[PDB]
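Which chain is which? The protein sequence lines are Y, E and H, in order. Going by this note's numbering, the first sequence opens with residue 41, and the numbers climb by one from there. Going by this note's numbering, the second sequence opens with residue 41, and the numbers climb by one from there. Going by this note's numbering, the third sequence opens with residue 41, and the numbers climb by one from there. C-beta: ideal position from N, C-alpha, C; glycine also. For reference, the structure is listed below as structure tokens.
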Amino acid sequence: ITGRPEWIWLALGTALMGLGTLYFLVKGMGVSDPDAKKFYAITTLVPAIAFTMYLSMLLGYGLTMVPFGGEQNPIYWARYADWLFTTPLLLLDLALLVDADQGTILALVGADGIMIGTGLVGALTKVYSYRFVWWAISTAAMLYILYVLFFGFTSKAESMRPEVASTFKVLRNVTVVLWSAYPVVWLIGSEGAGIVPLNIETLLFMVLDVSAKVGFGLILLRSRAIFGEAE
Amino acid sequence: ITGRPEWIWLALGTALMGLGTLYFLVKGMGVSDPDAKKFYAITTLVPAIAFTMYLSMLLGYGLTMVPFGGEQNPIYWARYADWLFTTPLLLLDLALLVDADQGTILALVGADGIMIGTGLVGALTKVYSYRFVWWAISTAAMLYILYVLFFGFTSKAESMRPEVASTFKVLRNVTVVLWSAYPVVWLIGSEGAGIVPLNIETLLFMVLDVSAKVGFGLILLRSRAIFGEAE
Amino acid sequence: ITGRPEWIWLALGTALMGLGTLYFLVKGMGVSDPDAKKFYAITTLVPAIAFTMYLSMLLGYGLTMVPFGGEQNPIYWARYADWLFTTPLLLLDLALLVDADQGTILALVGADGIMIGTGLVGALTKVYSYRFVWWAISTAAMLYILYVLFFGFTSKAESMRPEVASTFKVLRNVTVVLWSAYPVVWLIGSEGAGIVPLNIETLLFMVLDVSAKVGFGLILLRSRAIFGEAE
Ligand SMILES: CC(C)CCC[C@@H](C)CCC[C@@H](C)CCC[C@@H](C)CCOC[C@@H](CO)OCC[C@H](C)CCC[C@H](C)CCC[C@H](C)CCCC(C)C
Ligand SMILES: CC(C)CCC[C@@H](C)CCC[C@@H](C)CCC[C@@H](C)CCOC[C@@H](CO)OCC[C@H](C)CCC[C@H](C)CCC[C@H](C)CCCC(C)C
Ligand SMILES: CC(C)CCC[C@@H](C)CCC[C@@H](C)CCC[C@@H](C)CCOC[C@@H](CO)OCC[C@H](C)CCC[C@H](C)CCC[C@H](C)CCCC(C)C
Ligand SMILES: *C/C=C(C)/C=C/C=C(C)/C=C/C1=C(C)CCCC1(C)C
Ligand SMILES: *C/C=C(C)/C=C/C=C(C)/C=C/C1=C(C)CCCC1(C)C
Ligand SMILES: *C/C=C(C)/C=C/C=C(C)/C=C/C1=C(C)CCCC1(C)C
Ligand SMILES: CCCCCCCCCCCCCCC
Ligand SMILES: CCCCCCCCCCCCCCC
Ligand SMILES: CCCCCCCCCCCCCCC
Ligand SMILES: CCCCCCCCCCCCCC
Ligand SMILES: CCCCCCCCCCCCCC
Ligand SMILES: CCCCCCCCCCCCCC
Ligand SMILES: CCCCCCCCCCCCC
Ligand SMILES: CCCCCCCCCCCCC
Ligand SMILES: CCCCCCCCCCCCC
Ligand SMILES: CCCCCCCCCCC
Ligand SMILES: CCCCCCCCCCC
Ligand SMILES: CCCCCCCCCCC
Ligand SMILES: CCCCCCCCCCC
Ligand SMILES: CCCCCCCCCC
Ligand SMILES: CCCCCCCCCC
Ligand SMILES: CCCCCCCCCC
Ligand SMILES: CCCCCCCCC
Ligand SMILES: CCCCCCCCC
Ligand SMILES: CCCCCCCCC
Ligand SMILES: CCCCCCCC
Ligand SMILES: CCCCCCCC
Ligand SMILES: CCCCCCCC
Ligand SMILES: CCCCCCCC
Ligand SMILES: CCCCCCCC
Ligand SMILES: CCCCCCCC
Ligand SMILES: CCCCCCCC
Ligand SMILES: CCCCCCCC
Ligand SMILES: CCCCCCCC
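Printed below as a string of structure tokens:
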């Protein structure tokens, strides 16, 4: 395990996701409100899935070698397995907060699936120049998602409770900033142009992942917006 | 890319799915009705997914070699990845049109999953005679789906709005004819008996795919059946 | 096929799932009640999926070799493909019976996904001692599911119809006993410590699978709890 310099960040990531999972699990024990239960379920599952995939990367299972540029390049494929399930759960948290219509939710989840799926294909593609074609398609799917979060959701939040409108606005802003960093790190890291070494890349993704999951969850689950308006 | 004679049909397929995706995306921009949004979301996602998988076939990612009959046989596995997601979306379009009950929808999607999954296993099976066992099981799942579309849905459409009944009937008929061709092409093509060469097989699937997705979508999204009855 | 001593149990399993599938399919033909249709759909799909995966194991497709302990160890990976889809369907049968809230259903299905997914990783892991780390995480996800079935569902059933409360209690008890055997068989069988040989392991899983699917389904589909209260 320690044979890879990036192991320290995989281990820290595993620990922080594990701790985040346990914290949300305990916190949600005292919850009976049916609406709050939905948000706790979604939000606890996110770091639990990430915990398993960080562990698989730490132990070496979630790593494969991909030939491109005349080299055997270490590619952590387990990231995409994580993201396939956790990024639509994160979007679902946002969509339920603002009572999004079903068509909009399906558009978001579908675009998200395309985003992660094409990122996976790009990560595993052996023809170097083609990796960036997949990156571009994935990034276009991301831009669609960000567009919807701003010009379909923000003006939906404003007709809702003030506490859900303010909580949505904060989580929207956190999401757009954090999620936009992922394609940049991929592009300059070992999957793309290879300018930033894998150990630093792994650190960067770990900070983004913990912030986008445990950070996000801490903000959401401390808000009164997750509860039905009750006396 | 041009090293494979079937590349021209993969390229045309990619282009037509891409163009179809953009057309539906633009067309649905001016839509606020919650019901119509569902149909636009579902129907736009279908060629978008197909676009990505056609591209993966064009670039060579979605192709593998399978030993059977003492030969290395080129198998485009990306078709099944496409179909796994797009065929239940197509069925969902039909089921929502007639306000199908939840049990019926689950039966359809489940049978569809079995249909595509067993087709994939058959496509990748190395014992030649066993490929046709999987083809038979998949075809039985197809026949179940077609049965339900006729003797569970058609008489559901007739108690609904005339515009939804007439639109459903047309899309049902398009679906049954087009979908029934797929097992025949598989059986006589490079996956099955090998009587029709891969380049012609690829052409045939491209015509079926564009018709079943973009053709289907053009009929559906031009109907007033996708809108709630409103003043 | 007969080259593997466990083939007889794979063949019997295939037959019993096939027969169970046909029986439930015929039985549900005379059903119009929308609630009952849901239970028939879910419950018929379960042995149908299991039939396909038992067949893939019989024909040899669903088997791979995994190096650990200095040996090539036969691992039937198709079990996890089965279980990935059938165990959440089984939980859905239980959850719908007691009209579980959406948050609880998502927690169950999510924990179940983690349970099966980590079992799959453990089954395919090449470092022997690490296989048991994945077994432990999977078992913890199982224990969560069993906890919810007892201390979240049982007291939900009691405020419902007596026929649904009594049917739920029986199916809950069947589920907890049968499902708890699976991690034990894995641990002592060819995936784990290797004390029980593969042919006996295969027998054990076949008895558990038929009981947990066809047995379970026979109890559920003969109950009046699956019908809406109607005059
Ligand atoms: C509604 C939304 C969910 C829409 C989803 C959007 C989605 C369509 C976007 C594209 C997804 C698609 C790229 C998934 C591809 C998975 C694939 C990378 C798995 C690895 O297999 C690739 C090659 C080795 O590189 O296998 C070597 C050759 C092997 C023989 C491969 C044969 C097995 C195939 C992988 C079977 C395909 C199954 C499905 C792709 C399962 C989807 C997995 C998940 C990653 C989407
Ligand atoms: C409700 C509905 C959805 C019901 C669904 C119906 C469904 C049950 C029908 C059968 C689906 C099942 C056949 C999927 C099999 C996928 C498999 C072909 C992927 C390729 O792996 C096959 C061999 C190489 O040929 O791998 C070589 C050996 C490797 C070590 C394989 C180990 C990895 C396994 C593939 C893990 C299994 C994961 C699940 C099958 C994911 C499902 C993928 C999708 C195609 C259904
Ligand atoms: C809401 C709930 C559903 C939550 C779900 C919980 C879930 C997160 C729990 C963990 C699931 C995760 C372990 C699935 C891993 C599948 C993996 C074993 C498939 C086989 O690939 C493993 C190695 C060979 O051993 O591939 C060799 C290297 C290859 C290059 C691998 C590259 C292809 C990757 C497999 C692509 C990943 C796609 C997704 C994992 C699809 C999920 C399949 C299913 C088994 C969950
Ligand atoms: C918890 C993990 C999260 C929130 C991950 C988010 C990841 C993305 C938004 C990834 C986006 C990518 C692209 C837009 C193109 C390049 C490849 C990706 C997959 C890194
Ligand atoms: C957009 C793509 C569509 C509508 C594809 C439909 C495909 C089928 C109905 C495929 C059916 C098959 C069988 C019935 C058995 C042989 C294998 C298949 C998968 C080709
Ligand atoms: C129809 C099949 C059923 C009901 C299978 C149930 C399987 C399980 C509950 C498996 C549990 C496992 C663990 C808890 C850890 C070890 C690995 C598994 C996957 C066997
Ligand atoms: C969105 C953030 C992307 C920028 C990442 C900056 C990383 C700077 C680290 C120094 C680069 C290491 C190069 C020498 C090894
Ligand atoms: C459902 C349509 C299946 C029939 C396809 C007919 C294809 C005819 C093309 C000629 C066959 C090529 C054989 C000589 C290369
Ligand atoms: C939950 C049941 C697990 C116990 C399984 C008992 C199997 C006993 C069979 C005898 C073991 C075979 C060892 C000699 C080959
Ligand atoms: C490819 C995996 C996509 C599914 C991820 C799980 C999250 C799905 C959330 C469903 C949202 C509800 C839509 C109506
Ligand atoms: C194996 C992939 C199956 C899922 C495909 C996505 C479409 C699912 C549509 C869900 C229909 C709603 C059922 C209640
Ligand atoms: C990884 C596969 C998980 C999906 C299995 C299919 C069963 C899903 C049942 C959905 C229950 C409804 C939740 C709201
Ligand atoms: C186009 C929608 C406006 C809100 C999205 C902001 C786009 C940020 C760009 C992210 C950088 C990705 C490379
Ligand atoms: C049995 C249901 C009647 C409607 C379905 C028509 C079946 C068409 C056969 C398709 C050919 C597949 C090989
Ligand atoms: C902790 C919840 C109480 C009900 C679950 C009973 C646990 C049975 C243990 C199963 C054995 C697995 C190794
Ligand atoms: C070796 C790099 C070749 C450049 C490929 C860039 C493709 C980016 C596509 C953006 C439309
Ligand atoms: C080499 C071909 C052997 C014939 C197999 C046909 C099987 C079809 C099954 C239909 C019930
Ligand atoms: C070779 C076996 C080494 C023992 C591993 C047991 C790990 C079990 C983890 C339970 C917390
Ligand atoms: C990680 C295993 C958890 C089993 C005990 C249940 C914890 C309490 C959860 C309350 C919903
Ligand atoms: C509760 C702490 C969980 C941390 C387990 C994984 C950390 C890796 C240590 C090497
Ligand atoms: C908008 C046109 C999209 C076409 C891109 C793929 C066509 C392949 C050209 C070689
Ligand atoms: C209807 C009987 C189904 C049995 C088919 C599979 C049994 C395997 C026989 C070798
Ligand atoms: C993006 C950083 C999130 C910070 C989380 C802090 C949570 C405290 C309530
Ligand atoms: C099956 C062929 C479909 C033809 C689509 C034409 C759409 C015009 C409205
Ligand atoms: C766990 C054993 C189940 C027994 C099923 C018998 C069904 C008869 C109604
Ligand atoms: C990591 C366990 C958290 C302890 C409880 C925190 C207050 C709910
Ligand atoms: C008003 C919300 C500001 C949140 C910005 C957080 C940036 C990481
Ligand atoms: C809305 C601001 C987006 C900031 C992008 C930051 C990418 C590192
Ligand atoms: C391909 C872009 C379509 C242009 C608009 C067509 C009329 C909505
Ligand atoms: C009355 C509907 C006829 C549609 C037939 C289309 C055949 C491709
Ligand atoms: C309902 C008519 C079906 C026609 C099947 C055509 C197969 C090529
Ligand atoms: C296996 C076929 C079952 C025959 C009908 C049983 C009574 C519904
Ligand atoms: C009162 C229900 C008892 C069911 C026990 C079944 C054990 C297999
Ligand atoms: C509730 C009793 C569980 C029995 C476990 C049996 C495991 C073989």
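DSSP puts residue i in a beta bridge; with which residues?
| i | result |
| --- | --- |
| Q142 of chain E | None, per the DSSP bridge assignment. |
| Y94 of chain E | Answer is none; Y94 of chain E lacks a bridge partner. |
| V106 of chain H | H:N113 |
Is the distance from the Cβ of residue i to the Cβ of residue j below 7 angstroms?
| i | j | result |
| --- | --- | --- |
| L160 of chain E | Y120 of chain E | yes |
| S251 of chain E | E241 of chain E | no |
| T84 of chain E | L59 of chain E | no |
| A88 of chain E | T54 of chain E | no |
| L244 of chain H | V214 of chain H | no |
| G162 of chain Y | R171 of chain Y | yes |
| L132 of chain H | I185 of chain H | no |
| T104 of chain Y | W123 of chain Y | no |
| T179 of chain H | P223 of chain H | yes |
| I41 of chain E | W47 of chain E | yes |
Per DSSP, what kind of secondary structure is residue i in: helix, strand or coil?
| i | result |
| --- | --- |
| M69 of chain Y | coil |
| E271 of chain Y | coil |
| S206 of chain H | helix |
| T165 of chain H | coil |
| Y222 of chain H | helix |
| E231 of chain Y | coil |
| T179 of chain E | helix |
| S195 of chain E | helix |
| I154 of chain E | helix |
| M246 of chain Y | helix |
| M200 of chain E | coil |
| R262 of chain E | coil |
| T83 of chain E | helix |
| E241 of chain E | helix |
| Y63 of chain E | helix |
| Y120 of chain Y | helix |
Is the Cβ of residue i closer than 7 angstroms to any Cβ of chain B?
| i | result |
| --- | --- |
| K67 of chain E | Among the protein chains of the structure shown, namely Y, E and H, there is no chain B. |
#### Entry: Residues near ligand 12, criterion Cβ-heavy atom distance below 6 angstroms
H:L124, H:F125, H:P128, H:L129, H:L132, H:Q142, H:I145, H:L146, H:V149 and H:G153
### Task
Taking 8 angstroms as the threshold, find out whether the stretch 258-266 of chain Y comes into contact with the stretch 202-220 of chain Y through three or more Cβ pairs.
yes
### Message
For the pair the stretch 165-173 of chain E and the stretch 130-146 of chain E, tell me if three or more CB-CB distances fall below 8 angstroms.
### Response
no
### Query
Should the stretch 190-201 of chain E be regarded as contacting the stretch 65-78 of chain E, the criterion being three or more beta carbon pairs within less than 8 angstroms?
no
### Contact set, ligand 7 heavy atom to C-beta under 7 angstroms
Y:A221, Y:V224, Y:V225, Y:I228, Y:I235, Y:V236, Y:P237, Y:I240 and Y:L244
### Query
What does the shell around ligand 23 hold, if a residue joins when its beta-carbon is under 6 angstroms from any heavy atom?
Y:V214, Y:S251, Y:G255, Y:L258, Y:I259 and Y:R262
#### Entry: By C-beta, the residues closer than 7 angstroms to any heavy atom of ligand 21, given in chain order
E:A51, E:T54, E:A55, E:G58, E:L59, E:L62, E:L95 and E:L98
### Query
Around ligand 16, what residues have a beta-carbon under 6 angstroms from a heavy atom of it, in chain order?
Y:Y168, Y:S169, Y:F172, Y:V173 and Y:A176
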